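So this one's protein_11.pdb, PDB, C-alpha atoms and all ligand atoms:
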MODEL        1
ATOM      1  CA  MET A   1      -6.353 -78.666-124.539
ATOM      2  CA  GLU A   2      -6.505 -76.499-121.399
ATOM      3  CA  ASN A   3      -7.169 -79.541-119.277
ATOM      4  CA  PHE A   4      -3.811 -81.001-120.498
ATOM      5  CA  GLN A   5      -0.140 -79.893-120.169
ATOM      6  CA  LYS A   6       2.073 -81.105-123.020
ATOM      7  CA  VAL A   7       5.264 -82.651-121.699
ATOM      8  CA  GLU A   8       6.861 -83.561-125.083
ATOM      9  CA  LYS A   9       6.178 -84.343-128.697
ATOM     10  CA  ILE A  10       6.590 -88.024-129.129
ATOM     11  CA  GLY A  11       5.656 -88.596-132.715
ATOM     12  CA  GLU A  12       3.948 -87.599-135.875
ATOM     13  CA  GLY A  13       1.501 -90.446-136.502
ATOM     14  CA  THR A  14      -0.278 -90.533-139.892
ATOM     15  CA  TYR A  15      -3.327 -88.533-138.752
ATOM     16  CA  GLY A  16      -1.339 -85.862-136.816
ATOM     17  CA  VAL A  17       1.093 -84.914-134.079
ATOM     18  CA  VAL A  18       1.257 -87.037-130.858
ATOM     19  CA  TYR A  19       2.240 -85.514-127.481
ATOM     20  CA  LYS A  20       2.891 -87.056-124.099
ATOM     21  CA  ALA A  21       0.687 -84.971-121.769
ATOM     22  CA  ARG A  22      -0.604 -84.813-118.189
ATOM     23  CA  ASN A  23      -4.282 -84.381-117.257
ATOM     24  CA  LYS A  24      -4.399 -81.166-115.117
ATOM     25  CA  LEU A  25      -7.185 -82.637-112.934
ATOM     26  CA  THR A  26      -6.754 -86.504-112.852
ATOM     27  CA  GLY A  27      -2.907 -86.297-112.731
ATOM     28  CA  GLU A  28      -3.070 -89.028-115.445
ATOM     29  CA  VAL A  29      -0.212 -89.183-118.018
ATOM     30  CA  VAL A  30      -1.681 -89.797-121.493
ATOM     31  CA  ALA A  31      -0.820 -89.595-125.168
ATOM     32  CA  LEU A  32      -2.713 -86.808-127.035
ATOM     33  CA  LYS A  33      -3.062 -87.012-130.752
ATOM     34  CA  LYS A  34      -4.121 -83.809-132.514
ATOM     35  CA  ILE A  35      -5.708 -84.374-135.913
ATOM     36  CA  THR A  47     -18.983 -89.429-140.270
ATOM     37  CA  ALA A  48     -15.553 -89.337-138.634
ATOM     38  CA  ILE A  49     -17.094 -88.290-135.246
ATOM     39  CA  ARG A  50     -19.440 -91.307-135.220
ATOM     40  CA  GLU A  51     -16.786 -93.853-136.319
ATOM     41  CA  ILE A  52     -14.259 -92.587-133.832
ATOM     42  CA  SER A  53     -16.866 -92.693-131.002
ATOM     43  CA  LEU A  54     -17.468 -96.410-131.866
ATOM     44  CA  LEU A  55     -13.723 -97.020-131.326
ATOM     45  CA  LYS A  56     -14.059 -95.903-127.693
ATOM     46  CA  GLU A  57     -16.026 -99.134-127.142
ATOM     47  CA  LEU A  58     -13.486-101.501-128.768
ATOM     48  CA  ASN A  59     -11.573-102.351-125.552
ATOM     49  CA  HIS A  60      -9.048-105.197-125.346
ATOM     50  CA  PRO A  61      -5.812-105.756-123.382
ATOM     51  CA  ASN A  62      -3.839-105.736-126.625
ATOM     52  CA  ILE A  63      -5.414-102.624-128.039
ATOM     53  CA  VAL A  64      -4.210 -99.199-126.915
ATOM     54  CA  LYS A  65      -7.161 -97.721-124.950
ATOM     55  CA  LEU A  66      -8.836 -94.689-126.446
ATOM     56  CA  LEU A  67      -9.781 -92.711-123.342
ATOM     57  CA  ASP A  68     -11.666 -89.753-124.874
ATOM     58  CA  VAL A  69     -12.543 -88.037-128.138
ATOM     59  CA  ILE A  70     -12.540 -84.173-127.871
ATOM     60  CA  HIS A  71     -14.106 -82.338-130.847
ATOM     61  CA  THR A  72     -13.549 -78.605-130.889
ATOM     62  CA  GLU A  73     -12.707 -75.682-133.224
ATOM     63  CA  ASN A  74     -11.661 -77.542-136.491
ATOM     64  CA  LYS A  75      -9.557 -79.795-134.198
ATOM     65  CA  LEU A  76     -10.200 -83.370-133.143
ATOM     66  CA  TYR A  77      -8.027 -84.571-130.210
ATOM     67  CA  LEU A  78      -7.824 -88.196-129.279
ATOM     68  CA  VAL A  79      -6.668 -89.047-125.726
ATOM     69  CA  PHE A  80      -5.038 -92.480-125.451
ATOM     70  CA  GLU A  81      -3.414 -94.452-122.668
ATOM     71  CA  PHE A  82       0.327 -93.846-122.818
ATOM     72  CA  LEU A  83       2.913 -96.615-123.385
ATOM     73  CA  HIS A  84       6.649 -96.072-122.864
ATOM     74  CA  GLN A  85       8.132 -97.553-125.979
ATOM     75  CA  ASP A  86       7.283 -98.608-129.492
ATOM     76  CA  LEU A  87       8.430-101.806-131.200
ATOM     77  CA  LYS A  88      10.481 -99.978-133.836
ATOM     78  CA  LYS A  89      12.645 -98.427-131.091
ATOM     79  CA  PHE A  90      12.873-101.755-129.209
ATOM     80  CA  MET A  91      13.864-103.585-132.445
ATOM     81  CA  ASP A  92      16.585-100.945-133.062
ATOM     82  CA  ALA A  93      17.717-101.345-129.376
ATOM     83  CA  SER A  94      17.873-105.135-129.687
ATOM     84  CA  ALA A  95      19.570-105.302-133.115
ATOM     85  CA  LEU A  96      23.017-106.498-131.961
ATOM     86  CA  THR A  97      21.653-109.419-130.102
ATOM     87  CA  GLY A  98      18.202-109.939-131.569
ATOM     88  CA  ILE A  99      14.928-110.149-129.646
ATOM     89  CA  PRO A 100      14.872-113.566-127.878
ATOM     90  CA  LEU A 101      12.585-116.060-129.707
ATOM     91  CA  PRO A 102      10.318-116.594-126.700
ATOM     92  CA  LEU A 103       9.608-112.770-126.546
ATOM     93  CA  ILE A 104       9.023-112.678-130.339
ATOM     94  CA  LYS A 105       6.525-115.512-129.982
ATOM     95  CA  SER A 106       4.808-113.841-127.027
ATOM     96  CA  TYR A 107       4.445-110.528-128.906
ATOM     97  CA  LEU A 108       3.210-112.325-132.036
ATOM     98  CA  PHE A 109       0.651-114.283-129.981
ATOM     99  CA  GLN A 110      -0.624-111.144-128.209
ATOM    100  CA  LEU A 111      -0.924-109.190-131.416
ATOM    101  CA  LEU A 112      -2.898-112.075-132.964
ATOM    102  CA  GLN A 113      -5.225-111.899-129.928
ATOM    103  CA  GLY A 114      -5.738-108.148-130.543
ATOM    104  CA  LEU A 115      -6.393-108.743-134.229
ATOM    105  CA  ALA A 116      -8.793-111.652-133.518
ATOM    106  CA  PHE A 117     -10.780-109.267-131.246
ATOM    107  CA  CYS A 118     -10.890-106.287-133.719
ATOM    108  CA  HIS A 119     -11.667-108.550-136.635
ATOM    109  CA  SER A 120     -14.520-110.215-134.766
ATOM    110  CA  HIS A 121     -16.048-106.686-134.500
ATOM    111  CA  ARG A 122     -15.333-106.183-138.211
ATOM    112  CA  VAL A 123     -12.746-103.442-137.548
ATOM    113  CA  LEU A 124      -9.522-103.511-139.596
ATOM    114  CA  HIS A 125      -6.303-101.669-138.809
ATOM    115  CA  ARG A 126      -5.044-101.380-142.425
ATOM    116  CA  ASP A 127      -1.732 -99.760-141.461
ATOM    117  CA  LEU A 128       0.153-102.012-139.036
ATOM    118  CA  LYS A 129       3.898-101.212-138.692
ATOM    119  CA  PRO A 130       6.445-101.546-135.861
ATOM    120  CA  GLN A 131       6.003 -97.865-134.942
ATOM    121  CA  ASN A 132       2.286 -98.507-134.224
ATOM    122  CA  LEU A 133       2.966-101.480-131.926
ATOM    123  CA  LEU A 134       3.541-100.292-128.310
ATOM    124  CA  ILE A 135       5.153-102.144-125.438
ATOM    125  CA  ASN A 136       5.389-101.864-121.666
ATOM    126  CA  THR A 137       7.600-103.180-118.903
ATOM    127  CA  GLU A 138       5.306-106.141-118.071
ATOM    128  CA  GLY A 139       5.776-107.839-121.417
ATOM    129  CA  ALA A 140       2.542-106.610-123.015
ATOM    130  CA  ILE A 141       2.343-105.345-126.608
ATOM    131  CA  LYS A 142      -0.604-103.376-127.949
ATOM    132  CA  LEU A 143      -2.009-102.339-131.288
ATOM    133  CA  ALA A 144      -2.240 -98.502-131.736
ATOM    134  CA  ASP A 145      -3.659 -95.955-133.961
ATOM    135  CA  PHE A 146      -6.084 -97.712-136.185
ATOM    136  CA  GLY A 147      -6.596 -96.354-139.724
ATOM    137  CA  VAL A 163       6.797 -90.449-146.454
ATOM    138  CA  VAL A 164       4.118 -93.117-145.852
ATOM    139  CA  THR A 165       5.861 -96.519-145.347
ATOM    140  CA  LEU A 166       4.781 -99.222-147.785
ATOM    141  CA  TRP A 167       6.860-102.059-146.335
ATOM    142  CA  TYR A 168       3.926-103.768-144.632
ATOM    143  CA  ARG A 169       1.195-103.285-147.258
ATOM    144  CA  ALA A 170      -0.644-106.425-148.504
ATOM    145  CA  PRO A 171      -0.392-107.207-152.245
ATOM    146  CA  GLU A 172      -4.194-106.847-152.730
ATOM    147  CA  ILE A 173      -3.924-103.203-151.635
ATOM    148  CA  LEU A 174      -0.956-102.674-153.961
ATOM    149  CA  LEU A 175      -2.930-104.217-156.886
ATOM    150  CA  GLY A 176      -5.869-101.855-156.380
ATOM    151  CA  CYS A 177      -8.501-103.933-154.587
ATOM    152  CA  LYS A 178     -10.861-101.294-153.072
ATOM    153  CA  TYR A 179     -12.741-103.718-150.773
ATOM    154  CA  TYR A 180      -9.967-105.531-149.023
ATOM    155  CA  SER A 181     -10.491-107.496-145.848
ATOM    156  CA  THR A 182      -9.126-108.411-142.423
ATOM    157  CA  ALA A 183      -6.472-110.398-144.271
ATOM    158  CA  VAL A 184      -4.508-107.167-144.907
ATOM    159  CA  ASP A 185      -3.603-107.032-141.152
ATOM    160  CA  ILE A 186      -2.416-110.634-141.105
ATOM    161  CA  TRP A 187      -0.122-109.863-144.037
ATOM    162  CA  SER A 188       1.373-106.744-142.198
ATOM    163  CA  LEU A 189       1.874-108.809-139.025
ATOM    164  CA  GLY A 190       3.614-111.566-140.936
ATOM    165  CA  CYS A 191       6.019-108.971-142.356
ATOM    166  CA  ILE A 192       6.714-107.657-138.809
ATOM    167  CA  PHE A 193       7.184-111.270-137.446
ATOM    168  CA  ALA A 194       9.873-111.860-140.181
ATOM    169  CA  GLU A 195      11.613-108.560-139.302
ATOM    170  CA  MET A 196      11.716-109.398-135.569
ATOM    171  CA  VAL A 197      13.359-112.693-136.400
ATOM    172  CA  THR A 198      15.896-111.621-139.045
ATOM    173  CA  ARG A 199      16.532-108.020-137.928
ATOM    174  CA  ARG A 200      15.936-106.728-141.457
ATOM    175  CA  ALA A 201      12.691-105.565-143.030
ATOM    176  CA  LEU A 202      11.257-108.304-145.219
ATOM    177  CA  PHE A 203      10.026-106.104-148.154
ATOM    178  CA  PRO A 204      11.536-102.598-147.847
ATOM    179  CA  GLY A 205       9.966-100.982-150.923
ATOM    180  CA  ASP A 206      10.408 -97.311-151.726
ATOM    181  CA  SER A 207       7.563 -96.946-154.242
ATOM    182  CA  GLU A 208       4.422 -98.938-154.932
ATOM    183  CA  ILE A 209       6.000-100.783-157.778
ATOM    184  CA  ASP A 210       9.250-101.495-155.965
ATOM    185  CA  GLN A 211       7.096-102.836-153.011
ATOM    186  CA  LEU A 212       5.111-105.121-155.289
ATOM    187  CA  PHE A 213       8.251-106.303-157.141
ATOM    188  CA  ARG A 214      10.125-107.032-153.922
ATOM    189  CA  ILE A 215       7.133-109.213-152.873
ATOM    190  CA  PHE A 216       7.113-110.996-156.272
ATOM    191  CA  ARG A 217      10.922-111.539-156.201
ATOM    192  CA  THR A 218      10.655-113.361-152.886
ATOM    193  CA  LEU A 219       7.202-115.121-153.028
ATOM    194  CA  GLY A 220       7.014-115.561-156.860
ATOM    195  CA  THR A 221       4.978-113.475-159.264
ATOM    196  CA  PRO A 222       1.414-114.413-158.449
ATOM    197  CA  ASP A 223      -0.802-116.045-161.092
ATOM    198  CA  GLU A 224      -4.258-117.622-161.481
ATOM    199  CA  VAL A 225      -3.049-120.864-159.946
ATOM    200  CA  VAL A 226      -2.023-119.470-156.542
ATOM    201  CA  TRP A 227      -4.414-116.490-156.545
ATOM    202  CA  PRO A 228      -7.616-116.881-158.594
ATOM    203  CA  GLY A 229      -8.740-113.495-159.856
ATOM    204  CA  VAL A 230      -5.329-111.818-159.554
ATOM    205  CA  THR A 231      -5.000-111.121-163.292
ATOM    206  CA  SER A 232      -8.263-109.117-163.259
ATOM    207  CA  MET A 233      -7.175-106.785-160.418
ATOM    208  CA  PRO A 234      -7.209-103.057-161.279
ATOM    209  CA  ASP A 235      -3.483-102.516-161.281
ATOM    210  CA  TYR A 236      -2.425-105.936-162.416
ATOM    211  CA  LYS A 237      -0.465-105.830-165.676
ATOM    212  CA  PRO A 238       0.283-108.873-167.886
ATOM    213  CA  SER A 239       3.611-107.262-168.464
ATOM    214  CA  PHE A 240       4.734-107.791-164.849
ATOM    215  CA  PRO A 241       7.962-109.818-164.827
ATOM    216  CA  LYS A 242       7.449-113.482-163.801
ATOM    217  CA  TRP A 243       9.846-114.367-160.970
ATOM    218  CA  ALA A 244      10.174-117.854-159.196
ATOM    219  CA  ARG A 245       9.286-118.245-155.504
ATOM    220  CA  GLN A 246      12.190-118.476-153.083
ATOM    221  CA  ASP A 247      12.539-120.983-150.311
ATOM    222  CA  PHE A 248      11.409-119.787-146.814
ATOM    223  CA  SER A 249      14.373-121.416-145.204
ATOM    224  CA  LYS A 250      16.355-118.766-147.283
ATOM    225  CA  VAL A 251      13.949-115.910-146.352
ATOM    226  CA  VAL A 252      13.860-116.206-142.535
ATOM    227  CA  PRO A 253      16.792-118.222-141.195
ATOM    228  CA  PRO A 254      17.037-119.270-138.349
ATOM    229  CA  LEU A 255      13.289-119.442-137.744
ATOM    230  CA  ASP A 256      12.202-123.038-136.958
ATOM    231  CA  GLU A 257       9.867-125.161-139.074
ATOM    232  CA  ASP A 258       6.759-124.240-137.013
ATOM    233  CA  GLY A 259       7.522-120.477-137.279
ATOM    234  CA  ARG A 260       8.156-120.820-141.054
ATOM    235  CA  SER A 261       4.904-122.774-141.587
ATOM    236  CA  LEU A 262       2.901-120.098-139.773
ATOM    237  CA  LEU A 263       4.703-117.246-141.611
ATOM    238  CA  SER A 264       3.915-118.987-144.900
ATOM    239  CA  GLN A 265       0.240-119.054-144.063
ATOM    240  CA  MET A 266       0.233-115.345-143.048
ATOM    241  CA  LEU A 267       1.881-114.490-146.387
ATOM    242  CA  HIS A 268      -0.365-116.394-148.789
ATOM    243  CA  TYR A 269      -1.139-114.209-151.824
ATOM    244  CA  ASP A 270      -4.878-115.088-151.981
ATOM    245  CA  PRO A 271      -6.581-113.168-149.109
ATOM    246  CA  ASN A 272      -9.059-116.030-148.891
ATOM    247  CA  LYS A 273      -6.313-118.651-148.284
ATOM    248  CA  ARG A 274      -4.402-116.348-145.848
ATOM    249  CA  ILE A 275      -4.709-117.616-142.252
ATOM    250  CA  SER A 276      -7.116-115.782-139.974
ATOM    251  CA  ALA A 277      -5.935-114.379-136.573
ATOM    252  CA  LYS A 278      -8.149-116.951-134.807
ATOM    253  CA  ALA A 279      -6.716-119.869-136.701
ATOM    254  CA  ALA A 280      -3.181-118.557-136.300
ATOM    255  CA  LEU A 281      -3.665-118.623-132.497
ATOM    256  CA  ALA A 282      -4.126-122.389-132.755
ATOM    257  CA  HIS A 283      -1.022-122.979-134.906
ATOM    258  CA  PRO A 284       1.559-125.464-133.433
ATOM    259  CA  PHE A 285       4.131-122.599-133.195
ATOM    260  CA  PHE A 286       2.279-121.412-130.091
ATOM    261  CA  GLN A 287       2.256-124.751-128.229
ATOM    262  CA  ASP A 288       5.050-123.476-125.937
ATOM    263  CA  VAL A 289       4.207-119.779-125.818
ATOM    264  CA  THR A 290       5.046-117.928-122.575
ATOM    265  CA  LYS A 291       5.096-114.243-121.490
ATOM    266  CA  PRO A 292       8.706-113.098-120.909
ATOM    267  CA  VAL A 293       9.655-109.699-119.421
ATOM    268  CA  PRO A 294      11.622-107.551-121.975
ATOM    269  CA  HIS A 295      14.766-105.599-120.983
ATOM    270  CA  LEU A 296      13.396-101.985-121.417
ATOM    271  CA  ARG A 297      15.662 -99.038-120.958
ATOM    272  CA  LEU A 298      13.390 -95.999-120.555
TER     273      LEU A 298
HETATM  274  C1  LIG A 301      10.117 -90.003-125.324
HETATM  275  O1  LIG A 301       9.382 -90.178-126.544
HETATM  276  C2  LIG A 301       8.544 -91.255-126.697
HETATM  277  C3  LIG A 301       8.370 -91.777-127.968
HETATM  278  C4  LIG A 301       7.505 -92.843-128.180
HETATM  279  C5  LIG A 301       6.831 -93.440-127.123
HETATM  280  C6  LIG A 301       5.908 -94.622-127.332
HETATM  281  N1  LIG A 301       4.487 -94.345-126.995
HETATM  282  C7  LIG A 301       3.629 -93.959-127.885
HETATM  283  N2  LIG A 301       4.050 -93.678-129.144
HETATM  284  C8  LIG A 301       3.133 -93.346-130.084
HETATM  285  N3  LIG A 301       3.545 -93.022-131.382
HETATM  286  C9  LIG A 301       4.941 -92.746-131.626
HETATM  287  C10 LIG A 301       5.476 -94.038-132.184
HETATM  288  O2  LIG A 301       6.795 -93.897-131.707
HETATM  289  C11 LIG A 301       2.557 -92.837-132.449
HETATM  290  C12 LIG A 301       1.908 -94.158-132.835
HETATM  291  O3  LIG A 301       1.006 -93.893-133.929
HETATM  292  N4  LIG A 301       1.807 -93.279-129.839
HETATM  293  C13 LIG A 301       1.395 -93.567-128.567
HETATM  294  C14 LIG A 301       2.279 -93.872-127.562
HETATM  295  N5  LIG A 301       1.571 -94.144-126.432
HETATM  296  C15 LIG A 301       0.287 -93.943-126.762
HETATM  297  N6  LIG A 301       0.200 -93.564-128.041
HETATM  298  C16 LIG A 301      -1.086 -93.349-128.732
HETATM  299  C17 LIG A 301      -1.148 -92.056-129.511
HETATM  300  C18 LIG A 301      -1.463 -94.505-129.658
HETATM  301  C19 LIG A 301       7.013 -92.920-125.858
HETATM  302  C20 LIG A 301       7.852 -91.851-125.615
ENDMDL
END

Taking this structure as input, can you express it in the form of structure tokens?
Amino acid sequence: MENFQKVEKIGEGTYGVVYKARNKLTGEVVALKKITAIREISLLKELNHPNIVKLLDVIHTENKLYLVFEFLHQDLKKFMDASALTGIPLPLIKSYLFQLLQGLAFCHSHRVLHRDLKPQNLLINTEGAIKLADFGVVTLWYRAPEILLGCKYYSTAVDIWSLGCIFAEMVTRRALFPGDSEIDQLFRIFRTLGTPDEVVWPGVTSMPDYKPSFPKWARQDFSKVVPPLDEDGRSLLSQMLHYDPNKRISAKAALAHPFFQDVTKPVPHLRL
């Protein structure tokens, strides 16, 4: 800590308080998060990708672990709130979706999962880049149904489900499944995608928190769920939201989806 001057608190991430800070020697401006774990965290220092927020240093000292990250100037939640009157332009949505899928394809190839993707953890800069941060009231809005049903050994698919939920929210300007308890989160999912059964998700009825007494709701039409997203966007979103984690599209396969045939990298309008 003595090598860093706090400039301001910018957040309380899940694992602790985050400060913007300046390195007293390097002059570098960084984000400092103050929080088996040593060895895992050290392995993250190697997982470098242009769409992953760089972890610069891990400082263990005195019952405190500090993590020093590259600093970005805005998060997607704030940008979404800033762009709510007009909406984020489709080409920028597609570019951010495509970049995030590149980040996930990289992490998943190294068998690292995020598990807690949410707009506040997706960070943007003036050049049109978006990056995944801060790998794992707690928000449930992005949690995959297998996690909600008590699967202990869930997979990379959970991150595809969270990113699908964020893709829908960029497009409609409303959270897709804004649950305020675990059951309300699961029932919001069922009310929109249909209560899952053995046909669409083999094994579902033997999940730890599955109850036969769950209400059975009909699936709704996607054209009702994300207007005015085009047929290619809806097709991709449907594959990122399949109930069975084994049928859910991978990040690698999503990158090849026809929705990205015309992807580009627009500059966002950022007011810092
Ligand atoms: C004037 O206040 C602000 C507020 C937010 C930002 C946006 N930059 C960053 N925001 C956040 N978080 C706050 C989310 O709003 C925590 C994410 O878990 N973590 C970062 C940032 N840059 C690097 N890191 C690492 C710790 C990952 C800038 C300035």

Selection result of the PyMOL selection byres (((not hetatm)) within 9 of (chain A and resi 301)) on this file, as a ChimeraX atom specification: /A:8-20,30-33,64-66,78-89,130-135,143-146,298

Could you jot down the CA of residue 193 (chain A) to CA of residue 67 (chain A) separation for me, Å, one decimal place? 28.8 Å

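Listed by chain and then by number, the residues chosen by the PyMOL selection byres (((chain A and resi 267) around 10) and not hetatm) in this file are residues 170, 171, 183, 184, 186, 187, 188, 189, 190, 191, 215, 219, 262, 263, 264, 265, 266, 268, 269, 270, 271, 273, 274 and 275 of chain A.
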
Go ahead and save the picked residues with C-alpha atoms, as an mmCIF file, keeping the file's coordinate frame.
data_model
loop_
_atom_site.group_PDB
_atom_site.id
_atom_site.type_symbol
_atom_site.label_atom_id
_atom_site.label_comp_id
_atom_site.auth_asym_id
_atom_site.auth_seq_id
_atom_site.Cartn_x
_atom_site.Cartn_y
_atom_site.Cartn_z
ATOM 1 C CA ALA A 170 -0.644 -106.425 -148.504
ATOM 2 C CA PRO A 171 -0.392 -107.207 -152.245
ATOM 3 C CA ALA A 183 -6.472 -110.398 -144.271
ATOM 4 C CA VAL A 184 -4.508 -107.167 -144.907
ATOM 5 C CA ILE A 186 -2.416 -110.634 -141.105
ATOM 6 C CA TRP A 187 -0.122 -109.863 -144.037
ATOM 7 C CA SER A 188 1.373 -106.744 -142.198
ATOM 8 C CA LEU A 189 1.874 -108.809 -139.025
ATOM 9 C CA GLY A 190 3.614 -111.566 -140.936
ATOM 10 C CA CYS A 191 6.019 -108.971 -142.356
ATOM 11 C CA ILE A 215 7.133 -109.213 -152.873
ATOM 12 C CA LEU A 219 7.202 -115.121 -153.028
ATOM 13 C CA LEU A 262 2.901 -120.098 -139.773
ATOM 14 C CA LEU A 263 4.703 -117.246 -141.611
ATOM 15 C CA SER A 264 3.915 -118.987 -144.900
ATOM 16 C CA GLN A 265 0.240 -119.054 -144.063
ATOM 17 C CA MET A 266 0.233 -115.345 -143.048
ATOM 18 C CA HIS A 268 -0.365 -116.394 -148.789
ATOM 19 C CA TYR A 269 -1.139 -114.209 -151.824
ATOM 20 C CA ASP A 270 -4.878 -115.088 -151.981
ATOM 21 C CA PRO A 271 -6.581 -113.168 -149.109
ATOM 22 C CA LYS A 273 -6.313 -118.651 -148.284
ATOM 23 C CA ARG A 274 -4.402 -116.348 -145.848
ATOM 24 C CA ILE A 275 -4.709 -117.616 -142.252
#

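Considering the residues A:52, A:112, A:163, A:175 and counting only C-alpha atoms, residue 229 (chain A) has its shortest atom-to-atom contact with A:175.
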
Given the PyMOL selection byres (((chain A and resi 140) around 9) and not hetatm), the residues it picks as a ChimeraX atom specification: /A:61-62,106-107,110,134-139,141-142,291,293

Residues of the last selection are to be written out with C-alpha atoms, as a compact mmCIF listing (two decimals), in the frame of the given file.
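What landed in again.txt:
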# COMPACT_ATOMS: atom_id res chain seq x y z
CA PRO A 61 -5.81 -105.76 -123.38
CA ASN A 62 -3.84 -105.74 -126.62
CA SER A 106 4.81 -113.84 -127.03
CA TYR A 107 4.44 -110.53 -128.91
CA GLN A 110 -0.62 -111.14 -128.21
CA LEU A 134 3.54 -100.29 -128.31
CA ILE A 135 5.15 -102.14 -125.44
CA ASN A 136 5.39 -101.86 -121.67
CA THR A 137 7.60 -103.18 -118.90
CA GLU A 138 5.31 -106.14 -118.07
CA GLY A 139 5.78 -107.84 -121.42
CA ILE A 141 2.34 -105.34 -126.61
CA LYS A 142 -0.60 -103.38 -127.95
CA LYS A 291 5.10 -114.24 -121.49
CA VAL A 293 9.65 -109.70 -119.42

Enter the distance from CA of residue 55 (chain A) to CA of residue 5 (chain A), in Å, rounded to one decimal. 24.5 Å

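Across A:168, A:227, A:203, A:4, the tightest approach to residue 70 (chain A) is made by A:4 when counting all atoms listed in the file.
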
Can you work out which one of A:1, A:59, A:75, A:117 has the shortest atom-to-atom distance to residue 281 (chain A), counting only C-alpha atoms? A:117

Close residues, residue 185 (chain A) itself excluded, 8 Å, only C-alpha atoms, min 3 positions apart in chain, as a count of residues only: 10

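Compared by their closest atoms to residue 233 (chain A), and using all atoms listed in the file, the residues A:284, A:292, A:220, A:176 rank with A:176 nearest.
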
CA of residue 297 (chain A) to CA of residue 22 (chain A), distance in Å rounded to a single decimal: 21.8 Å

Under the rule that only C-alpha atoms are counted, which of A:177, A:123, A:244, A:201 is the nearest residue to residue 231 (chain A)? A:177

With the input short on atoms, add N, CA, C and O atoms back to region 130-141 of chain A and write it as an mmCIF file, in the coordinates of the input.
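Everything below was put into result-v9.cif:
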data_model
loop_
_atom_site.group_PDB
_atom_site.id
_atom_site.type_symbol
_atom_site.label_atom_id
_atom_site.label_comp_id
_atom_site.auth_asym_id
_atom_site.auth_seq_id
_atom_site.Cartn_x
_atom_site.Cartn_y
_atom_site.Cartn_z
ATOM 1 N N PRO A 130 5.815 -101.464 -137.188
ATOM 2 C CA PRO A 130 6.445 -101.546 -135.861
ATOM 3 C C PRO A 130 6.235 -100.285 -135.039
ATOM 4 O O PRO A 130 6.136 -100.383 -133.836
ATOM 5 N N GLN A 131 6.182 -99.135 -135.689
ATOM 6 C CA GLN A 131 6.003 -97.865 -134.942
ATOM 7 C C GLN A 131 4.650 -97.718 -134.295
ATOM 8 O O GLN A 131 4.524 -96.884 -133.386
ATOM 9 N N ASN A 132 3.664 -98.472 -134.764
ATOM 10 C CA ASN A 132 2.286 -98.507 -134.224
ATOM 11 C C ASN A 132 2.088 -99.616 -133.246
ATOM 12 O O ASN A 132 0.942 -99.811 -132.816
ATOM 13 N N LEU A 133 3.134 -100.393 -132.880
ATOM 14 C CA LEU A 133 2.966 -101.480 -131.926
ATOM 15 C C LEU A 133 3.742 -101.016 -130.657
ATOM 16 O O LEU A 133 4.910 -100.659 -130.756
ATOM 17 N N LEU A 134 3.020 -100.951 -129.528
ATOM 18 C CA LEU A 134 3.541 -100.292 -128.310
ATOM 19 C C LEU A 134 3.704 -101.271 -127.161
ATOM 20 O O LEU A 134 2.880 -102.168 -127.021
ATOM 21 N N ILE A 135 4.809 -101.127 -126.406
ATOM 22 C CA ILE A 135 5.153 -102.144 -125.438
ATOM 23 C C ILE A 135 5.294 -101.499 -124.046
ATOM 24 O O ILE A 135 5.557 -100.304 -123.969
ATOM 25 N N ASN A 136 5.184 -102.361 -123.014
ATOM 26 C CA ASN A 136 5.389 -101.864 -121.666
ATOM 27 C C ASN A 136 6.361 -102.768 -120.927
ATOM 28 O O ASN A 136 6.875 -103.805 -121.441
ATOM 29 N N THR A 137 6.636 -102.383 -119.660
ATOM 30 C CA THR A 137 7.600 -103.180 -118.903
ATOM 31 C C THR A 137 7.126 -104.571 -118.499
ATOM 32 O O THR A 137 7.978 -105.403 -118.100
ATOM 33 N N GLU A 138 5.839 -104.855 -118.595
ATOM 34 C CA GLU A 138 5.306 -106.141 -118.071
ATOM 35 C C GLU A 138 5.255 -107.233 -119.130
ATOM 36 O O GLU A 138 4.687 -108.328 -118.879
ATOM 37 N N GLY A 139 5.765 -106.890 -120.308
ATOM 38 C CA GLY A 139 5.776 -107.839 -121.417
ATOM 39 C C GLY A 139 4.549 -107.758 -122.283
ATOM 40 O O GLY A 139 4.353 -108.626 -123.090
ATOM 41 N N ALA A 140 3.718 -106.737 -122.139
ATOM 42 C CA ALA A 140 2.542 -106.610 -123.015
ATOM 43 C C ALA A 140 2.933 -105.895 -124.310
ATOM 44 O O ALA A 140 3.848 -105.043 -124.322
ATOM 45 N N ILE A 141 2.167 -106.160 -125.371
ATOM 46 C CA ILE A 141 2.343 -105.345 -126.608
ATOM 47 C C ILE A 141 0.938 -105.012 -127.050
ATOM 48 O O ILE A 141 0.033 -105.804 -126.862
#
